[PDB]
Amino acid sequence: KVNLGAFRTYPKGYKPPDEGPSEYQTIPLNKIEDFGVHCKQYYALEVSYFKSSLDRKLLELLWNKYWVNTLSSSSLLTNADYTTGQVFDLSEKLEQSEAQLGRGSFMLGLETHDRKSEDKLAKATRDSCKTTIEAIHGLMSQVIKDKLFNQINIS
Amino acid sequence: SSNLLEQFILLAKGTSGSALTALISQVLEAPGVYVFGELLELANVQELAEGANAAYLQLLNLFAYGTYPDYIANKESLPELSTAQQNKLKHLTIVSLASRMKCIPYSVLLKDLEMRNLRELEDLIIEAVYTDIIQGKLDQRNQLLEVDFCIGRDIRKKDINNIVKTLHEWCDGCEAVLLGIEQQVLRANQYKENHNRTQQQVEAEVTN
Amino acid sequence: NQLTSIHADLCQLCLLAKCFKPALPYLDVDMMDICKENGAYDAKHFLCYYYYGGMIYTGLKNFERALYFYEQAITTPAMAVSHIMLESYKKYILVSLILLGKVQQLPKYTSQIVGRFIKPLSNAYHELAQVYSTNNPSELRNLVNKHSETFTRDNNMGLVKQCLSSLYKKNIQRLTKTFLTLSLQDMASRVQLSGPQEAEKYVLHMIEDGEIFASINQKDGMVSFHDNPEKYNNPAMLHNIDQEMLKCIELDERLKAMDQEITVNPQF
Amino acid sequence: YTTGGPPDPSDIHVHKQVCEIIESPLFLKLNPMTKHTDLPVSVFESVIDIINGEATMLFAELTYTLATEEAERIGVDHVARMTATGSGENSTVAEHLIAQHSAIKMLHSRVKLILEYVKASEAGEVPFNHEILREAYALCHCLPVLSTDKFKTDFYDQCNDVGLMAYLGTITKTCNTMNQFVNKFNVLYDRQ
Amino acid sequence: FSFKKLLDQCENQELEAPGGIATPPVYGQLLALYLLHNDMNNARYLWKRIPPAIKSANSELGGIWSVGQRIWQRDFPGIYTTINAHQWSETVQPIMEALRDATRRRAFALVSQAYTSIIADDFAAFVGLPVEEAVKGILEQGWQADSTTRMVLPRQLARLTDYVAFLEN
């Protein structure tokens, strides 16, 4: 779902004493208590759509001379510290999953509500795949460069 | 330069005789002229022979096809140079070995140009970078020289076939890679459509 | 590569007729998902297949696959003791003693009979791993003649002979981490080979098999112990990773079909 | 675009100034009567052709389709409806492959523009000029860029680093589906 | 390999044509092919499968096992002594000829990878060549030879795109 919505915070001397959530969405179980109080400070507006603008017309004239910078890919060397740094945080998540499977969130009397953060093995899978997809994404920008220019050679 | 090349080709076709012999020494002495293909094939320089007139014809052939060691072997038969004609011959020696091999080792240029160190050998190469003559990079680990851009010496009448051959592999080579990228998009999109249908029809029959 | 009662009987034919050639295409690739339709397997076939399959990898100098085959026959739960479970734990110690220096631990889902009944009955095999950690060839020879009556009544002859030569090969690899260029006369004291002439013949056997890389310096009477100068930068190493990853994406696809089948059937 | 009907000769002179900005412009004309099958619209392209010796810029109609992108159709339908859109497929893999698919199409057009330029100087179209030949000789001589022993020892080293990380990430995805199958099999089928 | 195809085609006829006891000439082909591939494990197990009534009646099988006995002990001077003693003029002769070339090739990859300073008096007993012929062939390759000591010093895109959609969805 394309989430989109404009709001406007009322200034001092015009805030309503009681106002329900005009545009209610999904909120994780952490900051849901502040949604029922801060909703009276602003209000949602009926968004519309139209075709005009002007900035989306001068970017083509620049691309005629700035096309040499759009091919500057090679993401494997740009944010190389973020890829290696993400493996250190994965080890802390994998260590928490070992204690989750050992203790178990299904006890006698009170089940599926023992530990605070459940499904640690399912959440650690997406974190491990994030370091894999981001690593192979930078390589695809380098292999595509060795197949169009490096495969030319000379007589 | 480029404006000076159209002035030397007009004065040589208007006069001949003793005036043509004096025009050859003025072109090699004046800088900016790095091409000698349009002046060697003309019939004005071919008529210079018998005596000192024949020495100017052999000197023009060495500046287009010969190299630096080819001039020191017959320096007594050819007229001497100055502080500007000798430095211009070293620029043509670098572009001569680049037309045959892609990378030239440092041991080859140290023997042809007769040097002792690497900075003095590369001192005559960096002077052609600011004049848009020789453009490339310097390698230190492999001790090679990857010449990317250089002068074509003459008008390129023999090695002109490599220009169309290199451009043909760049245009036709992109069609083979485009067929593989387009096929990968259709395979990745079809896998997502089949996975979304097999994950919704198996979960709806659990309640029934 | 499926498994059934017919595949279990094929491994028994290779034990009588000593010929491990037909047992190569049926054991080089791992098997999963047995062929079931009307009932064609039993609990006795799952223990006799892993026990007979471990003997093929043992003689073929394939200790990497023999340790995994003998581990499946032990983790199977049971109620009492059996001849197959007894021979599986006795061979698990002799195999692990050749690769490493200590016996590997058992998983959590293993049977309790192995740790309450098989363990006290296998006292002759548990004491063998204790002396192997000390690395002493003089004390290991006294345990062979002492436990000779136990190795004969349990048809385990020949398996314990490989552990005698493994201690001499382990002492040579141990000196590679500590020492670098040891003399030929000093190498015959710690490994105990009786004379420097017997030391030059034992180190030559490890070069042909590929267990360690060394060079004999006969000009100075010493021997050099270097490591393997392989940075794993050859293009052939990248093809091995791509070929091994083709089996991982297939195992996950097979588990997705079995997970959807259980979700269809009602459960608690 | 423009509003009128039949193609007029006055629109040819106006389309000539458009080619000076973009190398591949487009023409559009709205007709009140019918023409196509759906909306009465048609797209034309600037195609130059000689007519009895005089070169004129004619037009060529084309057949348009619908939305050819899943990541784009979800944004267009949410603009005209101004209400809500159904949940479909976002195609996260297609949003990243456009950086490499469009790069080949952009490079294939740049080589075609310079291929006929040098070929015309060798045949008989472009006059024989010594300046054009000396400026395009060493242009293609640099290919391939960095293809010696220095790049061969670095390209294989980077492929082995990310190749090993892919094996450790693939075994983690299999463990996620294995945990969902074990928990559903040790309860209904198994009782211990 | 060229010699690897003869071993696979020979074992198929051993478990199909005979019903219980095979023939002597076939046992000599499987044992000779196992000795060329330097596989002493499969060669030792194949020799034990032959009944004792066949070995005592056919003397040609005893000469093949005599050469394989020194291979298990890895004795280079003991290989050429057993080859030129018992030979068969049938199907083993074209196979035994290739076994002598594998012995010299095995010592070439073992001495040059474990003996950085081999003695010239002992190098002649590892390749079969005499002392006057072993010091001559090593000089044409690149190995040095000292004097007055007799010492020789020898020595992609299609796979990456499939893993993207597999891990994402």
# chains A, B, ... in the order shown; residues from 1 in each chain; ligands from 1
>>> residues_around(residues="segment 57-64 of chain A", least_positions_apart="4", cutoff="10 Å", atoms="only C-alpha atoms", output="list in words")
residues 53, 68, 69 and 70 of chain A; 21, 22 and 23 of chain D
>>> residues_around(residues="segment 19-30 of chain C", least_positions_apart="4", cutoff="10 Å", atoms="only C-alpha atoms", output="number ranges by chain")
C: 1-3, 7, 10-11, 13-15, 53, 56-57, 59-60, 65; E: 7-8, 11-12, 15, 41-49
>>> residues_around(residues="residue 152 of chain A", least_positions_apart="3", cutoff="12 Å", atoms="only C-alpha atoms", output="compact mmCIF listing (two decimals) with C-alpha atoms, in the first residue's frame")
# COMPACT_ATOMS: atom_id res chain seq x y z
CA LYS A 145 31.49 -3.99 -16.87
CA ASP A 146 33.84 -6.88 -17.71
CA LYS A 147 31.42 -8.24 -20.34
CA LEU A 148 30.94 -5.04 -22.40
CA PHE A 149 34.42 -3.47 -22.41
CA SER A 155 43.97 -7.33 -33.00
CA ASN B 162 41.65 -1.66 -36.60
CA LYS B 165 37.14 -3.63 -36.20
CA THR B 166 37.22 -2.34 -32.62
CA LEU B 167 33.95 -0.41 -33.00
CA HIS B 168 32.19 -3.40 -34.57
CA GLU B 169 32.85 -5.58 -31.52
CA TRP B 170 31.54 -2.83 -29.24
CA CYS B 171 28.22 -2.47 -31.08
CA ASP B 172 27.59 -6.12 -31.94
CA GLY B 173 28.95 -7.24 -28.57
CA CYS B 174 26.24 -5.35 -26.69
CA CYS D 140 39.19 2.71 -29.31
CA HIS D 141 42.82 1.64 -28.75
CA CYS D 142 42.40 1.80 -24.95
CA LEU D 143 40.06 -1.22 -25.04
CA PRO D 144 40.23 -3.22 -22.95
CA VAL D 145 40.90 -1.02 -19.91
CA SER D 147 43.25 -6.31 -18.53
>>> residues_around(residues="residue 38 of chain E", least_positions_apart="5", cutoff="12 Å", atoms="only C-alpha atoms", output="list in words")
residues 208 and 209 of chain C; 31, 32, 33, 43, 44, 68, 70, 71, 72, 74, 99, 102, 103, 105 and 106 of chain E
>>> write_last_selection(atoms="N, CA, C and O atoms", output="PDB file, in the first residue's frame")
ATOM      1  N   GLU C 208      53.292 -38.565  -0.690  1.00  0.00           N
ATOM      2  CA  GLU C 208      52.506 -39.174  -1.758  1.00  0.00           C
ATOM      3  C   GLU C 208      51.015 -39.148  -1.446  1.00  0.00           C
ATOM      4  O   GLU C 208      50.196 -38.983  -2.358  1.00  0.00           O
ATOM      5  N   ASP C 209      50.643 -39.308  -0.174  1.00  0.00           N
ATOM      6  CA  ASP C 209      49.233 -39.291   0.195  1.00  0.00           C
ATOM      7  C   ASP C 209      48.676 -37.875   0.262  1.00  0.00           C
ATOM      8  O   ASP C 209      47.473 -37.678   0.056  1.00  0.00           O
TER       9      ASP C 209
ATOM     10  N   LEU E  31      42.880 -56.257 -12.161  1.00  0.00           N
ATOM     11  CA  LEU E  31      44.001 -56.043 -11.254  1.00  0.00           C
ATOM     12  C   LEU E  31      45.093 -55.198 -11.898  1.00  0.00           C
ATOM     13  O   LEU E  31      45.768 -54.429 -11.206  1.00  0.00           O
ATOM     14  N   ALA E  32      45.280 -55.325 -13.214  1.00  0.00           N
ATOM     15  CA  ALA E  32      46.303 -54.537 -13.892  1.00  0.00           C
ATOM     16  C   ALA E  32      45.875 -53.085 -14.063  1.00  0.00           C
ATOM     17  O   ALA E  32      46.723 -52.185 -14.047  1.00  0.00           O
ATOM     18  N   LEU E  33      44.574 -52.836 -14.227  1.00  0.00           N
ATOM     19  CA  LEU E  33      44.101 -51.464 -14.378  1.00  0.00           C
ATOM     20  C   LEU E  33      44.104 -50.719 -13.049  1.00  0.00           C
ATOM     21  O   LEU E  33      44.282 -49.496 -13.028  1.00  0.00           O
ATOM     22  N   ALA E  43      42.846 -52.541  -5.338  1.00  0.00           N
ATOM     23  CA  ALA E  43      43.609 -53.661  -5.877  1.00  0.00           C
ATOM     24  C   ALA E  43      43.807 -54.758  -4.838  1.00  0.00           C
ATOM     25  O   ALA E  43      43.832 -55.944  -5.189  1.00  0.00           O
ATOM     26  N   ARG E  44      43.950 -54.387  -3.564  1.00  0.00           N
ATOM     27  CA  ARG E  44      44.114 -55.391  -2.518  1.00  0.00           C
ATOM     28  C   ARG E  44      42.809 -56.130  -2.253  1.00  0.00           C
ATOM     29  O   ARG E  44      42.810 -57.348  -2.041  1.00  0.00           O
ATOM     30  N   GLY E  68      52.313 -55.585  -7.589  1.00  0.00           N
ATOM     31  CA  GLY E  68      51.512 -54.758  -6.704  1.00  0.00           C
ATOM     32  C   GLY E  68      51.919 -54.835  -5.249  1.00  0.00           C
ATOM     33  O   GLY E  68      51.545 -53.956  -4.465  1.00  0.00           O
ATOM     34  N   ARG E  70      55.012 -54.543  -4.062  1.00  0.00           N
ATOM     35  CA  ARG E  70      55.984 -53.488  -3.816  1.00  0.00           C
ATOM     36  C   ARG E  70      55.373 -52.096  -3.908  1.00  0.00           C
ATOM     37  O   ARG E  70      55.969 -51.138  -3.405  1.00  0.00           O
ATOM     38  N   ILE E  71      54.204 -51.964  -4.536  1.00  0.00           N
ATOM     39  CA  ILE E  71      53.554 -50.660  -4.628  1.00  0.00           C
ATOM     40  C   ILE E  71      52.972 -50.259  -3.278  1.00  0.00           C
ATOM     41  O   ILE E  71      53.000 -49.081  -2.900  1.00  0.00           O
ATOM     42  N   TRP E  72      52.440 -51.227  -2.529  1.00  0.00           N
ATOM     43  CA  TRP E  72      51.914 -50.929  -1.200  1.00  0.00           C
ATOM     44  C   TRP E  72      53.024 -50.475  -0.261  1.00  0.00           C
ATOM     45  O   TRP E  72      52.821 -49.573   0.562  1.00  0.00           O
ATOM     46  N   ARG E  74      55.724 -49.059  -1.396  1.00  0.00           N
ATOM     47  CA  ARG E  74      56.295 -47.886  -2.060  1.00  0.00           C
ATOM     48  C   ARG E  74      57.822 -47.977  -2.120  1.00  0.00           C
ATOM     49  O   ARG E  74      58.549 -47.196  -1.504  1.00  0.00           O
ATOM     50  N   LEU E  99      52.293 -49.360 -17.094  1.00  0.00           N
ATOM     51  CA  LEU E  99      52.592 -49.332 -15.667  1.00  0.00           C
ATOM     52  C   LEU E  99      54.030 -48.906 -15.402  1.00  0.00           C
ATOM     53  O   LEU E  99      54.308 -48.275 -14.374  1.00  0.00           O
ATOM     54  N   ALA E 102      54.180 -45.120 -15.464  1.00  0.00           N
ATOM     55  CA  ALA E 102      53.589 -44.481 -14.294  1.00  0.00           C
ATOM     56  C   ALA E 102      54.525 -44.532 -13.094  1.00  0.00           C
ATOM     57  O   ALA E 102      54.441 -43.675 -12.207  1.00  0.00           O
ATOM     58  N   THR E 103      55.418 -45.524 -13.045  1.00  0.00           N
ATOM     59  CA  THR E 103      56.373 -45.605 -11.945  1.00  0.00           C
ATOM     60  C   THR E 103      57.399 -44.482 -12.026  1.00  0.00           C
ATOM     61  O   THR E 103      57.719 -43.850 -11.011  1.00  0.00           O
ATOM     62  N   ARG E 105      56.942 -41.639 -13.580  1.00  0.00           N
ATOM     63  CA  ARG E 105      56.237 -40.377 -13.385  1.00  0.00           C
ATOM     64  C   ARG E 105      55.881 -40.153 -11.923  1.00  0.00           C
ATOM     65  O   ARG E 105      55.759 -39.003 -11.486  1.00  0.00           O
ATOM     66  N   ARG E 106      55.711 -41.230 -11.153  1.00  0.00           N
ATOM     67  CA  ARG E 106      55.403 -41.083  -9.735  1.00  0.00           C
ATOM     68  C   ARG E 106      56.615 -40.590  -8.955  1.00  0.00           C
ATOM     69  O   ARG E 106      56.479 -39.784  -8.028  1.00  0.00           O
TER      70      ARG E 106
END
>>> interface_residues(of="chain D", to="chain C", cutoff="8 Å", atoms="only C-alpha atoms", output="mmCIF file with N, CA, C and O atoms, in the first residue's frame")
data_model
loop_
_atom_site.group_PDB
_atom_site.id
_atom_site.type_symbol
_atom_site.label_atom_id
_atom_site.label_comp_id
_atom_site.auth_asym_id
_atom_site.auth_seq_id
_atom_site.Cartn_x
_atom_site.Cartn_y
_atom_site.Cartn_z
ATOM 1 N N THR D 153 44.494 -10.609 -10.753
ATOM 2 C CA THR D 153 44.698 -11.029 -9.372
ATOM 3 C C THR D 153 43.788 -10.303 -8.391
ATOM 4 O O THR D 153 43.747 -10.681 -7.215
ATOM 5 N N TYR D 156 39.512 -11.862 -9.262
ATOM 6 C CA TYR D 156 39.238 -13.183 -8.706
ATOM 7 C C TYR D 156 39.258 -13.166 -7.183
ATOM 8 O O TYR D 156 38.627 -14.018 -6.547
ATOM 9 N N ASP D 157 39.971 -12.211 -6.583
ATOM 10 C CA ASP D 157 40.007 -12.123 -5.127
ATOM 11 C C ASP D 157 38.705 -11.552 -4.578
ATOM 12 O O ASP D 157 38.240 -11.968 -3.510
ATOM 13 N N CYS D 159 35.758 -11.838 -6.071
ATOM 14 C CA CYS D 159 34.685 -12.796 -6.314
ATOM 15 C C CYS D 159 34.673 -13.904 -5.270
ATOM 16 O O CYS D 159 33.603 -14.416 -4.924
ATOM 17 N N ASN D 160 35.846 -14.287 -4.758
ATOM 18 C CA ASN D 160 35.910 -15.325 -3.738
ATOM 19 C C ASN D 160 35.481 -14.819 -2.368
ATOM 20 O O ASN D 160 35.059 -15.621 -1.529
ATOM 21 N N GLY D 163 31.697 -14.678 -2.656
ATOM 22 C CA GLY D 163 31.205 -16.014 -2.946
ATOM 23 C C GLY D 163 31.099 -16.878 -1.704
ATOM 24 O O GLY D 163 30.182 -17.694 -1.581
ATOM 25 N N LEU D 164 32.035 -16.711 -0.766
ATOM 26 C CA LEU D 164 31.974 -17.467 0.479
ATOM 27 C C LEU D 164 30.864 -16.954 1.387
ATOM 28 O O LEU D 164 30.251 -17.739 2.120
ATOM 29 N N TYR D 167 27.494 -18.560 0.546
ATOM 30 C CA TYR D 167 27.269 -19.918 1.030
ATOM 31 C C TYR D 167 26.805 -19.915 2.482
ATOM 32 O O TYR D 167 25.967 -20.735 2.873
ATOM 33 N N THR D 170 23.106 -18.790 2.359
ATOM 34 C CA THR D 170 22.167 -19.734 1.763
ATOM 35 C C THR D 170 21.782 -20.828 2.752
ATOM 36 O O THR D 170 20.637 -21.294 2.755
ATOM 37 N N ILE D 171 22.724 -21.249 3.599
ATOM 38 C CA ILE D 171 22.421 -22.263 4.601
ATOM 39 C C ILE D 171 21.532 -21.709 5.705
ATOM 40 O O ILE D 171 20.853 -22.480 6.395
ATOM 41 N N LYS D 173 18.978 -19.541 5.101
ATOM 42 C CA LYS D 173 17.623 -19.545 4.563
ATOM 43 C C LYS D 173 17.005 -20.936 4.616
ATOM 44 O O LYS D 173 15.793 -21.066 4.827
ATOM 45 N N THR D 174 17.814 -21.981 4.430
ATOM 46 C CA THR D 174 17.296 -23.342 4.520
ATOM 47 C C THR D 174 16.921 -23.705 5.950
ATOM 48 O O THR D 174 15.995 -24.496 6.164
ATOM 49 N N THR D 177 13.161 -22.569 6.819
ATOM 50 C CA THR D 177 12.110 -23.490 6.402
ATOM 51 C C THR D 177 12.213 -24.823 7.133
ATOM 52 O O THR D 177 11.207 -25.527 7.281
ATOM 53 N N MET D 178 13.412 -25.184 7.595
ATOM 54 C CA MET D 178 13.574 -26.433 8.332
ATOM 55 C C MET D 178 12.970 -26.332 9.726
ATOM 56 O O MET D 178 12.426 -27.314 10.246
ATOM 57 N N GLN D 180 10.363 -24.476 10.547
ATOM 58 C CA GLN D 180 8.910 -24.495 10.422
ATOM 59 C C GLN D 180 8.392 -25.899 10.137
ATOM 60 O O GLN D 180 7.243 -26.213 10.469
ATOM 61 N N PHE D 181 9.216 -26.751 9.526
ATOM 62 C CA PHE D 181 8.801 -28.121 9.245
ATOM 63 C C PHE D 181 9.036 -29.042 10.434
ATOM 64 O O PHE D 181 8.258 -29.977 10.652
ATOM 65 N N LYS D 184 6.300 -28.545 13.089
ATOM 66 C CA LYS D 184 5.019 -29.067 12.637
ATOM 67 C C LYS D 184 5.023 -30.578 12.445
ATOM 68 O O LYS D 184 3.963 -31.157 12.185
ATOM 69 N N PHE D 185 6.180 -31.228 12.566
ATOM 70 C CA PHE D 185 6.286 -32.672 12.405
ATOM 71 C C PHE D 185 6.536 -33.416 13.706
ATOM 72 O O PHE D 185 6.160 -34.585 13.813
ATOM 73 N N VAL D 187 5.139 -32.757 16.533
ATOM 74 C CA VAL D 187 3.960 -32.624 17.378
ATOM 75 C C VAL D 187 2.830 -33.530 16.901
ATOM 76 O O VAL D 187 2.268 -34.300 17.681
ATOM 77 N N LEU D 188 2.487 -33.451 15.614
ATOM 78 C CA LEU D 188 1.409 -34.276 15.079
ATOM 79 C C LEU D 188 1.874 -35.706 14.830
ATOM 80 O O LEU D 188 1.245 -36.662 15.297
#
>>> residues_around(residues="residue 141 of chain E", least_positions_apart="5", cutoff="12 Å", atoms="only C-alpha atoms", output="MDAnalysis selection string")
chainID E and resid 134:136 154:155
>>> closest_residue(among="A:141, A:52, A:75, A:117", to="residue 96 of chain A", atoms="only C-alpha atoms")
A:117
>>> closest_atom_pairs(of="chain E", to="chain D", cutoff="9 Å", atoms="only C-alpha atoms", output="tab-separated table")
residue	atom	partner	partner_atom	distance
E:163	CA	D:170	CA	8.8
E:164	CA	D:93	CA	7.3
E:165	CA	D:93	CA	6.6
E:167	CA	D:173	CA	7.2
E:168	CA	D:93	CA	7.9
>>> atom_distance(atom1="atom CA of residue 44 of chain D", atom2="atom CA of residue 66 of chain D")
17.0 Å
>>> residues_around(residues="segment 118-122 of chain D", least_positions_apart="5", cutoff="9 Å", atoms="only C-alpha atoms", output="ChimeraX atom specification")
/B:160,163-164 /D:127-129,132-133,136
>>> write_last_selection(atoms="N, CA, C and O atoms", output="compact mmCIF listing (two decimals), in the first residue's frame")
# COMPACT_ATOMS: atom_id res chain seq x y z
N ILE B 160 44.27 1.67 -40.32
CA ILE B 160 42.93 2.22 -40.23
C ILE B 160 41.88 1.12 -40.11
O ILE B 160 40.75 1.38 -39.69
N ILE B 163 40.36 0.43 -36.57
CA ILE B 163 39.39 1.36 -36.00
C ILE B 163 37.98 0.83 -36.17
O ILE B 163 37.17 0.84 -35.23
N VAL B 164 37.65 0.35 -37.37
CA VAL B 164 36.32 -0.19 -37.62
C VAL B 164 36.15 -1.55 -36.96
O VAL B 164 35.04 -1.93 -36.57
N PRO D 127 34.03 13.77 -46.17
CA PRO D 127 35.28 14.00 -46.89
C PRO D 127 36.49 13.55 -46.09
O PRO D 127 36.47 13.50 -44.86
N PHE D 128 37.56 13.21 -46.81
CA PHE D 128 38.78 12.71 -46.19
C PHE D 128 39.47 13.84 -45.44
O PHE D 128 40.04 14.75 -46.05
N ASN D 129 39.42 13.78 -44.11
CA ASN D 129 40.05 14.78 -43.25
C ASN D 129 41.06 14.10 -42.33
O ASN D 129 40.77 13.06 -41.74
N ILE D 132 40.02 14.17 -38.30
CA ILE D 132 39.06 13.21 -37.77
C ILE D 132 39.74 11.86 -37.53
O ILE D 132 39.47 11.18 -36.54
N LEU D 133 40.63 11.46 -38.44
CA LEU D 133 41.28 10.16 -38.31
C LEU D 133 42.27 10.15 -37.15
O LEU D 133 42.42 9.14 -36.46
N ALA D 136 40.22 9.85 -33.69
CA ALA D 136 39.45 8.64 -33.42
C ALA D 136 40.27 7.37 -33.53
O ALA D 136 39.72 6.27 -33.40
>>> select_by_dssp(residues="chain E", states="strand (DSSP E)", output="number ranges by chain")
E: 118-119, 144-145, 151-153
>>> residues_around(residues="segment 136-148 of chain C", least_positions_apart="6", cutoff="8 Å", atoms="only C-alpha atoms", output="list in words")
residues 124, 128, 164, 167, 168, 191 and 192 of chain C
